[PDB]
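S.K.: Let me begin by handing over the structure; questions about it come next.
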There are 2 protein chains.
Amino acid sequence: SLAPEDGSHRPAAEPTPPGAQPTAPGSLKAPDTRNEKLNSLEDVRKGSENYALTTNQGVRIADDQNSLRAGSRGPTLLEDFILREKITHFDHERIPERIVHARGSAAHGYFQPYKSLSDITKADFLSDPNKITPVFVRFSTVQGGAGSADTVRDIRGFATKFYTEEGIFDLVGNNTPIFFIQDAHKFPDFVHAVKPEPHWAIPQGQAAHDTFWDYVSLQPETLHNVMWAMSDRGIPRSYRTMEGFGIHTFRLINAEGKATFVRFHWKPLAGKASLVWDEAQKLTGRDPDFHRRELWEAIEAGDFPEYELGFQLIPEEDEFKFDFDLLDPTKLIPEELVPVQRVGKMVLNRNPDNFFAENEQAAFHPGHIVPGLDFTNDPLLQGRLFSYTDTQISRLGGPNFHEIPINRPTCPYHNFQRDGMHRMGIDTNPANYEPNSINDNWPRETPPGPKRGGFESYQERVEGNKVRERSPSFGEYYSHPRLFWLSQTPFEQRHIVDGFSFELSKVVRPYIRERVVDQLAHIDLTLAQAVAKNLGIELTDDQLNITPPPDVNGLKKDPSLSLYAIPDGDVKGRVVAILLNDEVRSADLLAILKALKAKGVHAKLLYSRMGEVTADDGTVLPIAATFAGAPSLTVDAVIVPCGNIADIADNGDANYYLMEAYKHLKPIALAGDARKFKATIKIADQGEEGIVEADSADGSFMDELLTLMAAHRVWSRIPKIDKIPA
Amino acid sequence: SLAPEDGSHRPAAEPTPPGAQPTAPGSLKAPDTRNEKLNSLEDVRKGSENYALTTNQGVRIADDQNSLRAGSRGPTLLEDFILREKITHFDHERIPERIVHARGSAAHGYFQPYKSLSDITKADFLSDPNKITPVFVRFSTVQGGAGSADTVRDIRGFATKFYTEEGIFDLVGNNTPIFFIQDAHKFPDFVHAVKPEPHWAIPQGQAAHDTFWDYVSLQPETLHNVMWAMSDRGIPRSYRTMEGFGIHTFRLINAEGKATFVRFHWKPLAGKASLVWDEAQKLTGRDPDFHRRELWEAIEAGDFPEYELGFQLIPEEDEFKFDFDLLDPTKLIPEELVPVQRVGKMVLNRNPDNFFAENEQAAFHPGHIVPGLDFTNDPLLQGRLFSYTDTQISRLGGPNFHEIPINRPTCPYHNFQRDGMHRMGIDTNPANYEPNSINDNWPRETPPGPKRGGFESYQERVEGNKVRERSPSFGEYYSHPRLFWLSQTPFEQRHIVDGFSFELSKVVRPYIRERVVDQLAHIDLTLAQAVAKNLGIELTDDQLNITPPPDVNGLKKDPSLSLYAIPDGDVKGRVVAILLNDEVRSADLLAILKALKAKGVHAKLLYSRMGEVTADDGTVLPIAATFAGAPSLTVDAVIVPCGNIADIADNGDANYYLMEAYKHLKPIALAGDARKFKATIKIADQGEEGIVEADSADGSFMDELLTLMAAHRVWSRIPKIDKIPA
Ligand code: HDD
Ligand code: HEM
């Protein structure tokens, strides 16, 4: 037997903190976590233990180590069907990746509404607070391939498949409340401009190249979502710590037939948090799978991603009441004008079993709505409805992608559609058409009605000529980017400046940089000037005299647009690095771990080598990673306990660990003789807001560190970090 | 008309150094670089300037900014065929990536032999020194997807398609002279074990995870290629500075019918050069396209990648004269025992026009041989012959992938094969079968012969029973790894130890680390002890007493197995960072730039912002990048000229630039007051080997720095770097 006798190959089927056990398929890690969708997949889950190895035809294999040959040094024979089946399968493993959002990470979970919403919608999944709907969610980046890195600067996708009793509803959103373009006709142009350039296929996962900024400089409608992407919104800390938005205005339809306009929101119950650029870009090198890993391990730990679904509702009579068009997906609806009403809660509580079968093959599409919902004439949403059914014909091999197990509805589905590649369902209906008498016309149409009704489109009035023309109301491009700019804290504004400065410095053709800075002068001169100075461009007198755009219905700022202006911090699920030494003061470690445990914060024990170290009281401490192997980039704060500090005080990696954490605005805590590390990062003996220090690690020490962590980063340190060489 | 009036949007069609001009399609950058294959591609090359925008049916488009709707705020109409053609084409842009070596970078070039090899092979392309054969080469990594990073630790692929007058020959090799496994039947197991794990699809581009080292610990045949991947061979500086190997013993067949065993080699004329791990890993975040970029720009600069083809030749009578089986792809043939005979030169001198069309769709397959070459019974080679035709059926959409332009032969091809998806050729033969009388049996078979004859397999004798059995002669696993280890310099050995140590520290299940350390103890006790000490593992007395494996045919070392033991340095094509200040000594900068230009070394002028700076004498100096924008990871050396040093002396990024270059063993040269930076890297007054310092950049300053650049890195600095926090 190849397993170790102690059973240490196999993870415990209980929640455990990140790193404590090897990760495992969901159904093995959490066998008792169920929901109607998870259960329904049992027909296709395949075990392995105690079973014979076979071909795909069920023939047991005696020797899976050798090809069939004529003599043991002889040629391989064509009659080796075992070799050829295995190699043929392998040779055809790959399927086309998604045209956009190819890089993504997913989990199973459930949603339920807080109260019935039957006064505004007849959608069944929102009709009953005690009716649970399983979900499957995929989070993604946009530009890079399926093997690109997670912590790039990009917009993030947040797609939710709701397996309702009246059909699948897919809410296919992003983490910013607008898109870059107005009309779907332009999507291939925009996507080609952001994607790797076609001659050399560079750069991966980066908008920082000429063709993207060329498109931006020529299409000012892009500027709003570009401001979002250049802010710290572009580099979330975790999929758990970003917002979601459906972007488009949709309709809700109630049983009386009344339509209300709606925009959809997800509020992360873990709070909003992002990285800083230098950290994000280095993390794509040190751990290109960091968000994928963090999501999977939060779920294994019981730190389940939770989000609150929220609706901005606007009555039909108020369609034209703002100074922007509701159907323009480059405009946001400020929550100061239309509040987000809380609707329900979604909990992600199980990882998939096989990433390819469940994540790679999942198909989401915003056209998959249910009775009680409907579309609007938003010209971006209108073209998305064509694309998501079409692309699955090549990506998933044919028109039967709904029979791939992750995509299957859990409610009944019956119709007269037949055949297609890899057809699974065997229809027994004598009829494959309707109307028919030979099956008494089953399956039959259902009239629309208050519940369990057929889908009917809201009878919106259409009046105009057949035209390819952009609505004049869409031709305003600068006021929303300006509202966003003015809503950010001063440090968030600095990071926006630095985002544009860094990206445009990688554009080789200087005139493109100049044209972008001229667009910025149409938004805000302080922003335009700060970017120009980093690019060595001087604004012209004319540019300095551009009139700022109008306020948005009187608003000079809306703090809900900022990540940080209103505290919402939650430490549960975060992780602290603990830098060990070979004689750790076990009293410090007791106090540190007790306080972390009470707040659901995880620890990773690091040292200069792997294996174990023994603390002052004999406690054996297994080492999670070396200082170089698990860099500060990967944690939220660093604690250095007392002990034999001499052991690590001259270690370059341990000093660098602190210098990188300090540069990246993370809280650092130093107990006892670990305070000698203050010399490495400057710090007055008097101390610094953001560095916790004391004779020992105790109640008070841990309290201060935990309070720092609830504020996420130490923004006050920003002016101290330009001078530090790290 | 949106182009700048000055014409600065368009790169000059002449060779230009990296970063001087935007990069461009090959045929626009270097229109006069031609070869027979590049010329034959003219029938499918499509221009653009001065043409009307059309659908794919040739219909001019009036408004490519808008969908057709009913009213300019109304719904989009199904009758918009222009939108639907455009979005349908976008929706189906992606094809499946290659199952392995999905990440790769390619160029066109040509091959010519030094002399006729008619005495040993009747292969037409090797028959005449004046015969030029166009090639297309793709270099790749092995594990990561097409969107993964370039400078991972991995084996690299080096695949060459020779478009010969007697058919396509594809030499599909790697950058190490052996493979991980012995029998193709194991290829899916090995590849599954190294690829991202199947529950969560982590990690991308890394073998540093449990399932890879699990397989290694259980399959000792893997140890030899694992030693090479853990060495600095696994992290090449460039595709131009690595070796290539076809790995398998093949046969050469001459016109008298004599077979000679042959292994193929490519020697890089630029010399052998690798990164160090920290630098490689960080570079996968700061520039995940570093090797792709470097290859493209070398070619644009005229620094053409050049390689020398070499053969190791073994007479048929000497098949059994070595300690290892010639057919075993885990064994190398030491150059001390069988020298590489130089055969010809390949020069890559033009980039593709379109990466998808030429790179992504190119199909190489080692079964594509020509008369004059033949296979052996190597059991890994034998299974490869099945896989590369099979996998193109899905990857490239059918059996007509040879009609995709890049894959087309330039010589005649005619046969009786018909139809298949995407069939381009319209056959006019009345017959689609042979023998036929209705076309007088054309096209006709051709007897074998000395030139232009049909392919016949060498009549090797086969004798044996039909078995799935590994030859006993393959059952030796440790001697070649030990020969590799003993052949390395001491700094190379240290890097091997650090490689294994880093990788195994990422293995979560400790018993696997233990089992690998046990395997290392079978190779070399010094290596096993040093890895064990880094993992906190103590060898047992049994392990300490394992007797070493025997020498390889009497060899205790072979220096051709080392990257660095025999100096082969070439600076041309390398790049230096020049860290500017706001009043540079122009005399220094004149001396520096001209000395670099004389040796073909490129420079990049860096500063704290973009735009220009003005030298002491008023010379305006354009800035290529900021210190953070183009990190030291991306250059071979760093020069800091004299001037107003206090301008950058306090700049964290400028100091960190030097500390990083220092840690990564790069030469650093400091002129005049730049010597103030010696305190940053802790250099003594009397200086140290590997730091060039003088009062000015004149006399021997540049000659010294170039002498350092020729030795690639300052290995003697390794003891001095462990203490620096960088
Ligand atoms: C039985 C399967 C099998 C085995 C044992 C190997 N390969 Fe392979 N290799 C493939 C099956 C395969 C493949 C699946 O057919 C690929 C992927 C897509 C393609 O066109 O070929 C491939 C791709 C591939 C590429 C990329 C070619 C390109 O750029 O398109 C290179 C350089 C190699 N291989 C080199 C090797 C070497 C040097 C091997 C051992 C000596 C080796 N392969 C063993
Ligand atoms: C409103 C801004 C947009 C948002 C928030 C959006 C959202 C998304 C998301 C989240 C995914 C990933 C779903 C998954 O996890 O698999 C996706 C995939 C896709 N999107 Fe949209 N998208 C938008 C604009 C568009 C437009 C306008 C089009 C068409 C013109 C489009 C065509 C596609 C295609 C082809 C895919 C790949 C789907 C698959 O292969 O299954 N995207 N988009």
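S.K.: Does region A:107-129 contain at least one residue that is within 26 Å of B:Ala102 (Cβ to Cβ) and either crowded, with 23+ Cβ neighbours inside 10 Å or basic (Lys, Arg) (or both)?
M.R.: Scanning region A:107-129 turns up at least one residue that is within 26 Å of B:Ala102 (Cβ to Cβ) and either crowded, with 23+ Cβ neighbours inside 10 Å or basic (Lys, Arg) (or both).
Table: residues versus (1) crowded, with 24+ Cβ neighbours inside 10 Å; (2) in contact with a strand residue (DSSP E or B) (Cβ under 8 Å, 6 or more places away or on another chain); (3) among the β-branched types (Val, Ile, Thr); (4) outside the structural domain of B:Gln493 (by CATH).
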residue: B:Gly167; (1), (2), (3), (4): no, no, no, yes
residue: B:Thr176; (1), (2), (3), (4): yes, yes, yes, yes
residue: B:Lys186; (1), (2), (3), (4): yes, no, no, yes
residue: B:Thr211; (1), (2), (3), (4): no, no, yes, yes
residue: B:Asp214; (1), (2), (3), (4): no, no, no, yes
residue: B:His224; (1), (2), (3), (4): yes, no, no, yes
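S.K.: Does region B:341-351 contain any residue that is touching a strand residue (DSSP E or B) at 6+ places or on another chain (Cβ under 7 Å), β-branched (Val, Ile, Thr), away from ligand 1 (no atom under 11 Å from the Cβ) and more than 30 Å from A:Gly145 (Cβ to Cβ)?
M.R.: Yes, there is a match, as at least one residue in region B:341-351 is touching a strand residue (DSSP E or B) at 6+ places or on another chain (Cβ under 7 Å), β-branched (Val, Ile, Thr), away from ligand 1 (no atom under 11 Å from the Cβ) and more than 30 Å from A:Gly145 (Cβ to Cβ).
S.K.: A follow-up question, please. Which numbered condition in (1) free of Cβ contacts under 8 Å to residues at least 60 places away in the same chain; (2) of a type in the set (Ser, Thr, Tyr); (3) surrounded by 15 or more Cβ atoms within 10 Å (Cβ to Cβ); (4) away from chain B (no Cβ under 14 Å) is the only one that A:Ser40 fails?
M.R.: For A:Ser40, the exception is condition (1).
S.K.: If you go through region A:406-416 one residue at a time, how many are crowded, with 16+ Cβ neighbours inside 10 Å and either part of a helix (DSSP H, G or I) or not polar (S, T, N, Q) (or both)?
M.R.: The total comes to 4.
S.K.: Related question: Out of B:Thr619, B:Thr626, B:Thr614, which single residue is farther than 24 Å from A:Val507 by Cβ and free of Cβ contacts under 8 Å to residues at least 40 places away in the same chain?
M.R.: B:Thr619
S.K.: So, A:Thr76, is that one crowded, with 17+ Cβ neighbours inside 10 Å, polar (S, T, N, Q) and within 14 Å of chain B (Cβ to nearest Cβ) or not?
M.R.: Yes; evaluated as a whole, the condition is true for this residue.
S.K.: Answer with yes or no whether A:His495 is assigned to a helix (DSSP H, G or I), closer than 25 Å to A:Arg251 by Cα and either among the aromatic types (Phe, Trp, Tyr) or in contact (Cβ under 8 Å) with a residue 40 or more places away in the chain (or both).
M.R.: Criteria not met by A:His495.
S.K.: Taking A:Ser473, is it among the polar types (S, T, N, Q) and either surrounded by 12 or more Cβ atoms within 10 Å (Cβ to Cβ) or in contact with a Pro (Cβ under 9 Å, 6 or more places away or on another chain) (or both)?
M.R.: Considered against the rule, which asks whether it is among the polar types (S, T, N, Q) and either surrounded by 12 or more Cβ atoms within 10 Å (Cβ to Cβ) or in contact with a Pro (Cβ under 9 Å, 6 or more places away or on another chain) (or both), A:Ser473 comes out as yes.
S.K.: Kindly indicate whether B:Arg444 is charged (D, E, K, R), farther than 23 Å from B:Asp43 by Cβ, away from ligand 2 (no atom under 16 Å from the Cβ) and away from chain A (no Cβ under 13 Å).
M.R.: Yes, satisfied.
S.K.: If you don't mind, another one. With the structure loaded, tell me whether A:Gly173 is closer than 16 Å to A:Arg384 by Cβ, of a type outside the set (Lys, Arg) and either in contact (Cβ under 8 Å) with a residue 12 or more places away in the chain or away from ligand 1 (no atom under 16 Å from the Cβ) (or both) or whether it fails that test.
M.R.: Yes, satisfied.
S.K.: Answer yes or no as to whether A:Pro339 is within 9 Å of chain B (Cβ to nearest Cβ) and either free of Cβ contacts under 8 Å to residues at least 40 places away in the same chain or more than 20 Å from the chain's Cα centre (by Cα) (or both).
M.R.: no
S.K.: Scan (1) under 23 Å from B:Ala201 (Cα atoms); (2) within 11 Å of chain B (Cβ to nearest Cβ) for the single condition A:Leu326 breaks and write down its number.
M.R.: (1)
S.K.: Moving on. Among the residues of region A:516-534, write down those that are surrounded by 18 or more Cβ atoms within 10 Å (Cβ to Cβ), more than 9 Å from chain B (Cβ to nearest Cβ) and not β-branched (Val, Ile, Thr).
M.R.: Result: A:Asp518, A:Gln519, A:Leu520, A:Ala521, A:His522, A:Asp524, A:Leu527, A:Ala528, A:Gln529, A:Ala530, A:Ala532.
S.K.: Is there any pair linking a residue in region B:233-250 that is farther than 11 Å from B:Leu563 by Cα to one that is within 12 Å of ligand 1 (Cβ to nearest atom) and part of a helix (DSSP H, G or I), with Cβ under 9 Å and at least six apart or on different chains, and which?
M.R.: B:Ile247/B:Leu380; B:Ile247/B:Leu381; B:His248/B:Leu380; B:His248/B:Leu381; B:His248/B:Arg384; B:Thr249/B:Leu381; B:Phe250/B:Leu381
S.K.: Could you tell me which numbered condition B:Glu256 fails, if it satisfies all but one of (1) surrounded by fewer than 22 Cβ atoms within 10 Å (Cβ to Cβ); (2) in a strand (DSSP E or B)?
M.R.: Condition (2) is where B:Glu256 drops out.
S.K.: Are any of the residues in region B:358-369 surrounded by fewer than 19 Cβ atoms within 10 Å (Cβ to Cβ), more than 16 Å from ligand 2 (Cβ to nearest atom) and either in the same structural domain as B:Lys556 (by CATH) or small (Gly, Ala, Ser) (or both)?
M.R.: The answer is yes; a qualifying residue exists.
S.K.: Filter region A:370-386 down to the residues that are facing chain B (nearest Cβ under 8 Å) and either crowded, with 22+ Cβ neighbours inside 10 Å or in a loop (DSSP other than H, G, I, E, B) (or both), then identify the one that is farthest from ligand 1 (Cβ to nearest atom).
M.R.: It comes out as A:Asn377.
S.K.: Where residues in region A:1-30 are of a type in the set (A, V, I, L, M, F, W, C), facing chain B (nearest Cβ under 10 Å) and in a loop (DSSP other than H, G, I, E, B), which of them is nearest to A:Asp353 (Cα to Cα)?
M.R.: Selected residue: A:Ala24.
S.K.: Can you tell me which of B:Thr330, B:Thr391 is within 14 Å of ligand 1 (Cβ to nearest atom), among the polar types (S, T, N, Q) and assigned to a loop (DSSP other than H, G, I, E, B)?
M.R.: Criteria check complete, one pass: B:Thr330.
S.K.: Follow-up. Quick one: which of A:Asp303, A:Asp278 is part of a loop (DSSP other than H, G, I, E, B), on the phi < 0 side of the Ramachandran plot and either more than 14 Å from chain B (Cβ to nearest Cβ) or not hydrophobic (A, V, I, L, M, F, W, C) (or both)?
M.R.: A:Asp303
S.K.: Also, quick follow-up: I'm trying to understand the selection: among the residues of region A:109-161, which are within 13 Å of ligand 2 (Cβ to nearest atom) and touching a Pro at 6+ places or on another chain (Cβ under 7 Å)?
M.R.: A:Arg156
S.K.: Here's another thing I want to ask about it. Could you go through region B:634-642 and let me know if any residue there is in contact (Cβ under 8 Å) with a residue 12 or more places away in the chain and under 23 Å from A:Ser501 (Cα atoms).
M.R.: Within region B:634-642, one or more residues are in contact (Cβ under 8 Å) with a residue 12 or more places away in the chain and under 23 Å from A:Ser501 (Cα atoms).
S.K.: Kindly provide the set of residues from region A:69-108 that are in a loop (DSSP other than H, G, I, E, B), within 16 Å of ligand 2 (Cβ to nearest atom) and either touching a helix residue (DSSP H, G or I) at 6+ places or on another chain (Cβ under 9 Å) or of a type in the set (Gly, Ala, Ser) (or both), ordered by number.
M.R.: If the condition is that a residue be in a loop (DSSP other than H, G, I, E, B), within 16 Å of ligand 2 (Cβ to nearest atom) and either touching a helix residue (DSSP H, G or I) at 6+ places or on another chain (Cβ under 9 Å) or of a type in the set (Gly, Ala, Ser) (or both), then A:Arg94, A:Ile95, A:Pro96, A:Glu97, A:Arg98, A:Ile99, A:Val100, A:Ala102, A:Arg103 are the ones that fit.
S.K.: Continuing with the same structure: So which residues in region A:452-501 are facing chain B (nearest Cβ under 10 Å) and β-branched (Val, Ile, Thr)?
M.R.: Matches in region A:452-501: A:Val462, A:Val467.
S.K.: So for region B:51-70 (the condition being under 29 Å from the mean Cα position of the chain (by Cα) and surrounded by 15 or more Cβ atoms within 10 Å (Cβ to Cβ)), does at least one residue qualify?
M.R.: Checked region B:51-70: no residue is under 29 Å from the mean Cα position of the chain (by Cα) and surrounded by 15 or more Cβ atoms within 10 Å (Cβ to Cβ).
Methodologically, a virtual Cβ is constructed for each residue, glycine included, from the backbone with ideal geometry; neighbour enumeration extends over all protein chains shown. The values are calculated or read from the model by the stated rules, or taken from the named source; no laboratory read-out is quoted.
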